[PDB]
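Proteins come first, then strands; the chains are lettered A, B, ... in the order of their sequence lines, and each starts at number 1.
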Amino acid sequence: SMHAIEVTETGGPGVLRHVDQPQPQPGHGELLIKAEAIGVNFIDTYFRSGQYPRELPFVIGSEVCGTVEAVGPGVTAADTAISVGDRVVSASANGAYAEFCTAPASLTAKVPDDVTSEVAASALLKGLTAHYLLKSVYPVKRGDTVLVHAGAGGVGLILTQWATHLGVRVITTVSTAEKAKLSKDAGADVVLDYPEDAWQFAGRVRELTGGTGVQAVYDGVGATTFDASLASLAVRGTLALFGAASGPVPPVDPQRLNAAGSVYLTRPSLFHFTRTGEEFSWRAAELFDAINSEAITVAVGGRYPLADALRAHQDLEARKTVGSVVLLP
Amino acid sequence: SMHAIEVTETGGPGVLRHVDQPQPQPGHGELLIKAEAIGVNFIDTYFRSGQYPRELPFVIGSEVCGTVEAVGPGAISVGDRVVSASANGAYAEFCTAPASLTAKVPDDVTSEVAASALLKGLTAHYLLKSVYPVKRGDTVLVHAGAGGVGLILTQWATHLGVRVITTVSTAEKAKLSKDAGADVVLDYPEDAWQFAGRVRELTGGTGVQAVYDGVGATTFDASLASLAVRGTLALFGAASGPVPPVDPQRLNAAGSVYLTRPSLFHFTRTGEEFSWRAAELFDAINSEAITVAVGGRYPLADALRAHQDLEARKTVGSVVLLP
Ligand SMILES: NC(=O)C1=CN([C@@H]2O[C@H](COP(=O)(O)OP(=O)(O)OC[C@H]3O[C@@H](n4cnc5c(N)ncnc54)[C@H](OP(=O)(O)O)[C@@H]3O)[C@@H](O)[C@H]2O)C=CC1
Ligand SMILES: NC(=O)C1=CN([C@@H]2O[C@H](COP(=O)(O)OP(=O)(O)OC[C@H]3O[C@@H](n4cnc5c(N)ncnc54)[C@H](OP(=O)(O)O)[C@@H]3O)[C@@H](O)[C@H]2O)C=CC1
């Protein structure tokens, strides 16, 4: 048997039970991965809470780095260059909080030999997200200025470094002075406190951009920042609302987008930017290229035993984590 | 003195009032225009109804073609025939407009066609070239295909090598929409999912690259459901009424799509920008890439009846008021 974190009923971090499960078997198109490091993602909390509904019970999580223990039967091995023994990482696994899990080969990348498994499980899901946000949702160009909320979070630090490397000025928000320094170290040109009032905060942003506003806002915080994000945009700018850490954004009168400057609102999901193995491989390769040139550096921001998934979810929801955190099996 | 159409209280078409006013003088950078044809635009109804607030009382309308009667101090001269979509108080025998947002009318474009084409044609330009830059091979959905904006969007998109699907309310309108270049003309959505199902059948399962939706309340859900992944919903109007607040997670579920609510104001920000869009519009008219028909005429005094017809979905294409 193996250890796993199973959810039998949805609810708070408390429902994350460390239990014995049979080792899974890979199906068609799947690899069986023996975990070395397991990624923690804010979306895990939405599945745990039952926000994002899923069939019960389930072993939680989708991000894992480890070694290929087995390749699914049938045609599978003919359709991938991944082989048993390879160190691999996926953001699309089933039941990642376990010693062993499965993932589609087409949405799994080989880890470069100079990248540790902890860094890979810190980098992939959030790094693919930063990639699509910066290259596809709003393609940043040198000279732009963007706003990135939660600048010292997992996605936040990657967005900040990568945008800075691309010649983009980045303004961030964080909750503590410790996080402010990490954000500056990541390349943020200015770090602000969280908005108290949308117009007040937008004025700060306008001050910094000469009244223009930012070309794009990357908002992964949602409820507490949305109004401020919308108010901070340059004419025809893009609000990429990609997360809801503080809670869901209430229904938006489309005429607000007019008043704000004929802006665009989009709410993307990673699913729509990893639609083929070809697309996934392209983004994963650009991510590992950026890491290996030190265009970005993905630090391991926190580590927990797999059995302490509960503790990680508590710290994450309490705004106590910095950067990417991993579970260790 | 001059005749004008004024609103002293907001409401339905009934609040439109005949008034005589002194002829205006143009301020700095402005032209005084003697109207030959006055444009009618759905936005006129939003100002009349109070849906778009404005300090009362005021004279309705912003689109006019006529001759320059006077210039404010500060290549347009008195005597020149011009058209603007940014005039103040256009439902009148004379009005003012900023010279920087006024175009000279090509000599072979009638004044009615100018007042049928400019506001709506600048809108079609920004929608097709700026909000979502259509590409040859794209398919787009345009609601109200036989309306003023809809006919221009359809012809221009078709010229650009884009496939257009439209909606209209009548068989007469369906014929006009096909003649404008629409590849398929559909009935308005009854069920959003079934409508989207039909659109996906027409696009090889893909959905459309963009929806240009100027109808709003009665089409929005279907527009959203018809999009290709990462497509753009350009909600630029609200003829059927305002779109209810949109849960951003619906944009996720629809395929990580973009939603945008553009205003002509943000696409005519400089004289340079205006001139670029206007020139491309008149180039298209001059080469017959598009042809703007006058779809109806009303006396200035009958602005009430024009607004009644507009809201009752009875107009076909661009309509004008004549002094
Ligand atoms: N759409 C997509 O494809 C994807 C979306 N996401 C989303 O992006 C966001 C970032 O993900 P991830 O890097 O894993 O998480 P983070 O590491 O960014 O952690 C969330 C951070 O948000 C900030 N925050 C502000 N208000 C709150 C609150 N009320 N509760 C908790 N946190 C708050 C906190 O930092 P601070 O101290 O600055 O407040 C916190 O550290 C998440 O919302 C996630 O759901 C992630 C991956 C893919
Ligand atoms: N910059 C911008 O954002 C601009 C936006 N617009 C908007 O674009 C839209 C089209 O403008 P315009 O060409 O002047 O108007 P149209 O000539 O298109 O008239 C509106 C049409 O919409 C259709 N419609 C569908 N449902 C309704 C309803 N319940 N009530 C009334 N009409 C309905 C009707 O035709 P059918 O028989 O097909 O139903 C009607 O003819 C308007 O909503 C306008 O506000 C216009 C200019 C600039």
Side-chain angles (χ1 to χ4, degrees), chain B residues 1-24 33-66 83-97 111-120 123 144 146-151 168-170 172-173 214-218 237-242 264 292-323:
Chain B
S1 70
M2 70 178 178
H3 303 303
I5 303 293
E6 197 184 56
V7 153
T8 62
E9 69 194 45
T10 57
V15 311
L16 295 166
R17 301 268 169 272
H18 304 99
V19 292
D20 288 289
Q21 289 183 325
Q23 294 180 23
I33 296 164
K34 185 175 179 190
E36 293 186 7
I38 294 157
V40 174
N41 293 285
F42 228 95
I43 192 175
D44 305 344
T45 73
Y46 307 151
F47 280 112
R48 185 252 300 140
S49 76
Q51 188 69 39
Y52 282 13
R54 175 171 174 176
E55 185 175 354
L56 291 163
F58 69 90
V59 171
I60 301 282
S62 72
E63 185 177 26
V64 63
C65 168
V83 58
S84 181
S86 312
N88 184 20
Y91 288 26
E93 291 179 288
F94 296 84
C95 70
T96 62
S111 292
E112 290 178 336
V113 168
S116 290
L118 184 69
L119 192 149
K120 295 170 210 56
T123 299
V149 177
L151 287 171
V168 302
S169 71
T170 69
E172 176 191 6
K173 287 184 191 194
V215 177
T218 60
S240 70
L264 180 62
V292 182
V294 178
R297 307 157 167 120
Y298 301 78
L300 175 57
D302 297 354
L304 159 83
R305 184 168 51 94
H307 279 218
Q308 290 179 332
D309 284 352
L310 193 51
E311 306 229 28
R313 311 169 73 171
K314 293 169 171 187
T315 63
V316 178
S318 291
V319 299
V320 296
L321 307 185
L322 300 185

Query raised in the report: Is any side-chain heavy atom of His3(B) closer than 4.5 Å to a side-chain heavy atom of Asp20(B)?
Result: yes
Query - Beyond-backbone contact of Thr8(B) with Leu56(B), side-chain heavy atoms, under 4.5 angstrom - result: no
Query - Gap between atom NE2 of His307(B) and atom CG of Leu16(B) - 0.5 Å precision - result: 5.5 Å
Report summary line: One should read off an interatomic distance between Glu93(B) CD and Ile38(B) CD1, to the nearest 0.5 angstrom, of 8.5 Å
Query - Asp44(B) to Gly39(B) - nearest heavy-atom pair and separation - result: OD2-O, 4.0 Å
Requested in this report: Give the C-alpha distance, both sets of side-chain angles, the deciding distance and a yes or no for side chain to side chain contact (heavy atoms under 4.5 Å, CB included) between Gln21(B) and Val59(B).
Outcome: CA-CA 10 Å; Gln21(B) 289 183 325; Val59(B) 171; 3.6 Å; yes
**Report entry** Check: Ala239(B) main-chain N/O paired with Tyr46(B) side-chain donor or acceptor under 3.5 Å
**Finding:** yes
Query raised in the report: Which value, rounded to the nearest 0.5 Å, describes the distance between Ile33(B) atom CD1 and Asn88(B) atom CG?
Result: 11.0 Å
**Report entry** Closest approach of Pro242(B) to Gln51(B) (non-hydrogen atoms, all atoms of both residues)
**Finding:** CG-NE2, 3.8 Å
Query - Pairwise distance CG(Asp309(B)) to OG1(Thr315(B)) - rounded to 0.5 angstrom - result: 7.0 Å
Report summary line: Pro299(B) and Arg305(B) have their tightest heavy-atom pair at CD-NH2, 3.7 Å
Report task. Over all heavy atoms of both residues, which pair between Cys95(B) and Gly89(B) is shortest? Give the atoms and the distance, please. Result -> CB-O, 3.3 Å
Report task. State, with a plain yes or no, whether a side-chain heavy atom of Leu322(B) is found less than 4.5 Å away from one of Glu112(B). Result -> yes
**Report entry** Pairwise side-chain contact, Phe42(B) with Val149(B), heavy-atom cut-off 4.5 Å (strictly under)
**Finding:** no
Report summary line: To the nearest 0.5 Å, atom CG of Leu304(B) lies from atom OH of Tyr298(B) at 10.5 Å
Query raised in the report: Are any of the side-chain heavy atoms of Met2(B) and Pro323(B) separated by less than 4.5 Å?
Result: no
Query raised in the report: Which heavy-atom pair separates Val113(B) from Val294(B) by the least distance, and what is that distance?
Result: CG2-CG2, 4.0 Å
Report task. Determine the minimum heavy-atom distance between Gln308(B) and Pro13(B), stating which atoms define it. Result -> CG-CB, 3.9 Å
Query raised in the report: Short question: side chain of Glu6(B), backbone of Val19(B) - any donor-acceptor pair under 3.5 Å?
Result: no
Query raised in the report: Is the backbone N or O of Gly295(B) less than 3.5 Å from a side-chain atom of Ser318(B), with the two atoms forming a donor-acceptor pair by type?
Result: no
**Report entry** Backbone of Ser240(B) reached by a side-chain donor or acceptor of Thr218(B) within 3.5 Å
**Finding:** no
Query raised in the report: Donor-acceptor pair, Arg17(B) side chain versus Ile5(B) backbone, under 3.5 Å?
Result: no
Requested in this report: Show your working on side chain to side chain contact (heavy atoms under 4.5 Å, CB included) between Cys65(B) and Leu118(B) and close with a plain yes or no.
Outcome: CA-CA 9 Å; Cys65(B) 168; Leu118(B) 184 69; over 6 Å; no
Report summary line: Rounded to the nearest 0.5 angstrom, the CG-CG distance for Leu321(B) and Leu300(B) is 6.0 Å
